[PDB]
There are 4 protein chains.
Amino acid sequence: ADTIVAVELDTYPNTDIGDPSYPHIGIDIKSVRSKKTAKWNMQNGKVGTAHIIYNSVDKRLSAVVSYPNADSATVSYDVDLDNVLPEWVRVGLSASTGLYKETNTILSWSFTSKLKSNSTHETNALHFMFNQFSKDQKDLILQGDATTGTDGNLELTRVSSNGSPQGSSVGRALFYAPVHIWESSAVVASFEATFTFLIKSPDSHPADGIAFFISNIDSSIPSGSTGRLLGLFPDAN
Amino acid sequence: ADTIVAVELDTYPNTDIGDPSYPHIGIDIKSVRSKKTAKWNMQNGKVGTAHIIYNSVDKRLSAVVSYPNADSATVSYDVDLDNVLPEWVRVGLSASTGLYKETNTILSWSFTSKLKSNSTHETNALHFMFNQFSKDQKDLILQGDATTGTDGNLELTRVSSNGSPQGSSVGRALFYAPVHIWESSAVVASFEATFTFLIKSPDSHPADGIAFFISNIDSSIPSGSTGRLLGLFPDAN
Amino acid sequence: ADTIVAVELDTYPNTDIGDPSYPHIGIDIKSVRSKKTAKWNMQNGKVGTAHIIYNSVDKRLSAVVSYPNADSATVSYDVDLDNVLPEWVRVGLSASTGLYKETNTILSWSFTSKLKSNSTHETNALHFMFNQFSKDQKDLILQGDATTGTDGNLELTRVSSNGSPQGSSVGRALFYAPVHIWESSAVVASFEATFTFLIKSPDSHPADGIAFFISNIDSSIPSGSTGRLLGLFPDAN
Amino acid sequence: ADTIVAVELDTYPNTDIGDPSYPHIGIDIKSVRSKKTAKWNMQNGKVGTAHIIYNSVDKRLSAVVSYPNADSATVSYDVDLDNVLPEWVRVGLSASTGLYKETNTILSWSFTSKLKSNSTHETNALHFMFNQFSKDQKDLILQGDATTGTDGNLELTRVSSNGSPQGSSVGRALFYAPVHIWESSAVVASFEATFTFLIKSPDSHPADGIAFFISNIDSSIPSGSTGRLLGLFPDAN
Ligand SMILES: Cc1cc(=O)oc2cc(O[C@H]3O[C@H](CO)[C@@H](O)[C@H](O)[C@H]3O)ccc12
Ligand SMILES: Cc1cc(=O)oc2cc(O[C@H]3O[C@H](CO)[C@@H](O)[C@H](O)[C@H]3O)ccc12
Ligand SMILES: Cc1cc(=O)oc2cc(O[C@H]3O[C@H](CO)[C@@H](O)[C@H](O)[C@H]3O)ccc12
Ligand SMILES: Cc1cc(=O)oc2cc(O[C@H]3O[C@H](CO)[C@@H](O)[C@H](O)[C@H]3O)ccc12
Ligand SMILES: [Ca+2]
Ligand SMILES: [Ca+2]
Ligand SMILES: [Ca+2]
Ligand SMILES: [Ca+2]
Ligand SMILES: [Mn+2]
Ligand SMILES: [Mn+2]
Ligand SMILES: [Mn+2]
Ligand SMILES: [Mn+2]
């Protein structure tokens with residue numbers, strides 16, 4: 001199956017699969033059952049920002065989610081991505097709705113990856129930044145119900161013309177080019193991702209969440225992965 | 001056919017297609033017959049550097065080629081890429097040999113593209129940098145006789161195991177992801193490319209050259225592109 | 001005296017010193033009498049953006065000023081900065097009011113300078129970016145009535161507590177560190193600056209303008225440079 | 001006194017002040033007696049590279065020193081710089097010789113600092129990169145015996161015309177502009193530094209070392225800080 005490493009912004013507490021009883025951010029290493037979580041005071045209708053960082057020196061994947069004039073939620077987990085992910089991967093954003101729903105709108109997204117090898121001055125780097133999305137964004141691979149163009153934003157899940165989010169939706173957006181996330185001769189490897197989102201929902205319990213993920217190049221939405229599975233995993237194991 | 005815009009480092013003077021009677025750099029807008037050229041004192045066996053720049057404000061495509069402790073060749077041409085190229089393109093490097101030959105080795109390559117839109121703070125950017133190439137470089141589309149891995153270098157054309165360049169060779173390397181080179185609402189669009197090369201022939205006259213090009217997404221080596229056509233054009237018109 | 005090279009956003013037409021009879025942007029090379037101008041449809045109370053670019057290859061200084069959902073004004077001028085400016089300079093922003101006034105608010109400012117030398121891979125670079133200013137901004141040299149901290153903005157000229165701009169005001173802000181603007185050994189030397197501003201006047205007819213300038217390291221506000229002189233020149237010659 | 005935070009590349013083991021009995025890299029927080037060290041297999045006459053990184057999310061200062069075709073030494077230390085350093089500081093390089101000596105040559109140096117604020121898209125950044133130093137480097141504050149120009153290198157300590165390092169030497173180089181290393185409102189604060197050095201010694205026992213340091217803006221070489229104090233501390237407490 002696909003190998004997934006993700007940072008989830010889980011808005012709906014699914015107690016049967018191990019979710020805390022409140023909105024939270026978590027680090028998922030090949031399983032929807034987060035390796036570590038942190039309470040997140042999600043703000044309905046407000047624009048938030050997520051920062052994901054990682055470096056091979058201290059092998060720690062960290063994430064911070066904040067809103068203006070509000071405290072930030074933080075979560076970290078020590079993990080050596082060399083032993084989890086293949087050398088070449090694709091990075092993307094995923095989101096879903098189930099019985100309950102919310103808009104999973106991405107306003108901007110940027111990513112940076114660097115491989116600084118042993119040889120003096122032998123750096124390989126990739127950097128992209130979208131501050132507005134086009135109707136025909138040829139450098140993104142859109143899967144599921146993901147669409148671009150609506151107000152220059154990226155809608156991961158389906159929203160009606162009147163702006164109402166729909167349930168039972170799932171969508172993803174991966175950057176077109178494969179990323180060389182790590183290599184053996186690298187002295188220092190690292191990546192950094194940032195995205196701003198707008199989760200708006202009429203429900204008392206918005207669902208299901210957004211997630212930044214890294215996967216094998218040919219990753220695709222596992223069947224029936226709407227709702228609690230965030231479009232990333234085929235089952236809840 | 002393909003739409004090509006290229007900066008050629010022409011090492012062999014083909015007088016029948018308009019080449020000056022000496023090595024030169026030139027701006028090719030949809031034709032192997034350069035719109036403007038400049039004498040280039042090519043140095044066999046030495047590592048050179050090429051810098052290509054362009055911006056929509058003053059619509060001028062410029063290039064500079066230099067060698068350490070040597071003068072640089074420069075060429076410029078006013079051209080509005082909006083009227084020549086499609087919004088989405090692919091960028092790459094091309095090279096060829098014919099009756100005569102040379103090594104068309106690329107030691108490093110970097111590219112940066114930015115679209116500063118009308119909407120304040122709405123910048124879109126792409127940046128990649130290869131300071132060493134891998135045997136399996138999944139973010140490059142290699143066409144023709146192009147290969148990577150050899151000393152961490154990109155060999156656009158065929159070289160034997162003993163290092164000897166072969167004639168009648170043609171090869172290209174395009175970056176995997178499509179680049180949004182321009183758009184109607186962009187207040188400023190621009191790009192910059194840089195690469196270092198090592199051209200060396202054991203014969204009297206080297207041939208045929210290296211070229212940085214921008215083309216339609218699905219561009220492919222035209223048949224008969226060997227020799228004077230530098231793997232870019234189907235004919236000499 | 002000081003050596004000034006500036007891109008002015010002139011809001012008040014001073015016909016005696018050569019100003020066109022309308023708001024305009026212009027390139028000033030050591031004189032308040034612009035070498036080249038362009039009509040600018042200034043929008044009172046709206047946030048605009050200015051982009052200044054320059055590169056030694058095609059020796060052309062260009063500027064673009066735009067507002068969201070509006071056309072942009074553009075002006076260019078061929079000039080070899082090597083012959084005008086000293087190798088080391090300071091970059092900054094200047095503004096003034098005279099009999100009439102306006103707010104000269106800077107919301108953000110970024111600058112990038114690069115020197116690619118003859119020796120392969122030998123690049124020197126400087127880059128700063130302020131998206132919000134602090135009350136104690138130690139990396140800026142504030143001259144005249146310039147202050148920071150008010151809403152995280154830079155006020156080049158004096159504005160009252162109630163937000164009203166004052167006349168007869170002049171202020172500047174230079175980046176603390178000297179910039180190596182050019183050097184003889186460079187193959188390519190280039191810079192790019194961007195800033196967003198908010199010009200507003202209740203009197204309905206604003207004066208005098210804002211300007212991005214490059215000068216000798218020890219530059220200071222010439223005596224009596226309020227009004228038409230934009231705080232850059234000592235006289236109107 | 002000055003507040004110093006430094007990563008030392010200690011070549012001479014001073015057992016009385018706590019040095020291990022071999023060359024090592026260490027994290028010094030306000031004291032020459034490192035908080036944590038790591039064995040470093042220094043290679044006389046070879047060019048090495050140092051990478052220092054830090055981020056406020058996981059508050060860990062890490063360093064890696066490597067040589068081509070050789071293992072790298074690594075050292076990390078959890079420390080919240082907010083509680084140690086003032087908001088505004090200066091960054092620099094320091095080096096010294098004592099009874100024994102070595103050349104403390106810096107071939108290149110780059111630094112990047114970013115303050116990601118709570119408010120969406122509010123980022124402040126500073127970045128400089130020197131790949132060659134000039135005889136008159138106006139953006140560096142040279143203290144002690146530090147000089148630039150010699151082959152486009154930075155010599156932290158005194159070396160004779162014939163290239164021989166001298167003992168009892170101490171020199172520093174700080175970047176001209178103050179750096180906003182942190183602020184309360186920042187969601188993420190981080191910095192990264194990289195430099196390549198060439199430590200060559202005539203004898204089989206080099207001394208004393210090179211260090212990347214962060215200090216209060218007005219920092220200066222302490223009296224009698226030659227040798228084992230690396231030009232950073234006034235005493236060995
Ligand atoms: C007990 C319960 C009450 C409720 O009000 O909604 C519920 C919704 C549930 O789950 C569904 O809605 C959730 C929120 O969309 C999804 O995570 C999940 O995949 C769906 O099966 C499960 C249980 C309940
Ligand atoms: C005049 C001449 C002399 C020669 O010795 O070889 C020659 C080879 C030529 O062309 C071939 O060799 C050239 C160099 O490889 C190519 O540019 C071209 O496409 C090939 O057809 C063209 C002319 C000559
Ligand atoms: C009295 C008067 C009437 C008028 O219509 O315009 C005037 C413009 C003046 O100019 C001053 O105000 C202008 C706008 O504030 C400045 O450009 C200029 O340098 C100042 O001297 C000064 C006086 C007048
Ligand atoms: C072997 C030796 C003999 C001696 O008489 O003094 C010595 C003094 C030393 O110390 C000085 O030289 C050392 C190496 O340069 C420095 O680390 C230290 O700060 C200096 O005081 C080191 C070694 C000796
Ligand atoms: Ca859940
Ligand atoms: Ca030719
Ligand atoms: Ca005027
Ligand atoms: Ca020591
Ligand atoms: Mn969860
Ligand atoms: Mn030609
Ligand atoms: Mn004017
Ligand atoms: Mn020590």
# chains A, B, ... in the order shown; residues from 1 in each chain; ligands from 1
call {"tool": "residues_near_ligand", "arguments": {"ligand": "ligand 7", "cutoff": "7 Å", "atoms": "only C-alpha atoms and all ligand atoms", "output": "compact mmCIF listing (two decimals) with C-alpha atoms, in the first residue's frame"}}
result
# COMPACT_ATOMS: atom_id res chain seq x y z
CA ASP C 10 5.55 61.95 -6.99
CA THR C 11 2.04 62.92 -5.95
CA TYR C 12 2.28 66.69 -6.39
CA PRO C 13 3.07 68.29 -9.76
CA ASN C 14 5.70 71.03 -9.31
CA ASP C 19 7.10 67.74 -13.09
CA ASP C 208 4.64 65.31 -1.94
CA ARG C 228 9.12 69.02 -3.73
call {"tool": "residues_near_ligand", "arguments": {"ligand": "ligand 9", "cutoff": "10 Å", "atoms": "only C-alpha atoms and all ligand atoms", "output": "ChimeraX atom specification"}}
result
/A:7-15,17-28,32-38,208-209,228-230
call {"tool": "closest_residue", "arguments": {"among": "A:103, A:31, A:76, A:112", "to": "chain D", "atoms": "only C-alpha atoms"}}
result
A:76
call {"tool": "closest_atom_pairs", "arguments": {"of": "chain C", "to": "chain B", "cutoff": "6 Å", "atoms": "only C-alpha atoms", "output": "CSV"}}
result
residue,atom,partner,partner_atom,distance
C:68,CA,B:119,CA,5.0
C:118,CA,B:68,CA,5.3
C:119,CA,B:68,CA,4.9
call {"tool": "write_last_selection", "arguments": {"atoms": "N, CA, C and O atoms", "output": "tab-separated table (two decimals), in the first residue's frame"}}
result
chain	number	residue	atom	x	y	z
C	68	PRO	N	-4.53	46.85	-6.42
C	68	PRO	CA	-5.36	45.70	-6.80
C	68	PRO	C	-6.49	46.17	-7.70
C	68	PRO	O	-7.04	47.26	-7.50
C	118	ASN	N	33.17	36.30	-11.46
C	118	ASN	CA	33.79	35.59	-12.58
C	118	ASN	C	34.14	34.14	-12.22
C	118	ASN	O	34.06	33.24	-13.06
C	119	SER	N	34.54	33.94	-10.97
C	119	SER	CA	34.89	32.62	-10.46
C	119	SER	C	33.57	31.86	-10.31
C	119	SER	O	32.62	32.37	-9.72
call {"tool": "select_by_dssp", "arguments": {"residues": "region 19-185 of chain A", "states": "strand (DSSP E or B)", "output": "PyMOL selection string"}}
result
chain A and resi 24-29+36-39+47-55+60-66+73-78+88-96+105-117+123-130+140-144+147-148+154-155+159+165+170-175+179-180
call {"tool": "residues_around", "arguments": {"residues": "residue 6 (chain C)", "least_positions_apart": "4", "cutoff": "7 Å", "atoms": "only C-alpha atoms", "output": "PyMOL selection string"}}
result
chain C and resi 27-29+211-214
call {"tool": "atom_distance", "arguments": {"atom1": "CA of residue 153 (chain B)", "atom2": "CA of residue 128 (chain B)"}}
result
16.1 Å
call {"tool": "closest_residue", "arguments": {"among": "C:171, C:227, C:206, C:86", "to": "ligand 3", "atoms": "only C-alpha atoms and all ligand atoms"}}
result
C:227
call {"tool": "atom_distance", "arguments": {"atom1": "CA of residue 201 (chain A)", "atom2": "CA of residue 102 (chain A)"}}
result
4.3 Å
call {"tool": "residues_around", "arguments": {"residues": "residue 222 (chain B)", "least_positions_apart": "2", "cutoff": "8 Å", "atoms": "only C-alpha atoms", "output": "PDB file with C-alpha atoms, in the first residue's frame"}}
result
ATOM      1  CA  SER B 220      10.110  16.049 -27.594  1.00  0.00           C
ATOM      2  CA  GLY B 224      16.759  14.825 -37.451  1.00  0.00           C
ATOM      3  CA  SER B 225      17.567  17.227 -34.624  1.00  0.00           C
ATOM      4  CA  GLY B 231      17.906  18.781 -30.619  1.00  0.00           C
ATOM      5  CA  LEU B 232      15.478  21.716 -30.661  1.00  0.00           C
ATOM      6  CA  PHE B 233      14.237  22.277 -34.217  1.00  0.00           C
ATOM      7  CA  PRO B 234      12.893  19.949 -36.935  1.00  0.00           C
TER       8      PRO B 234
END
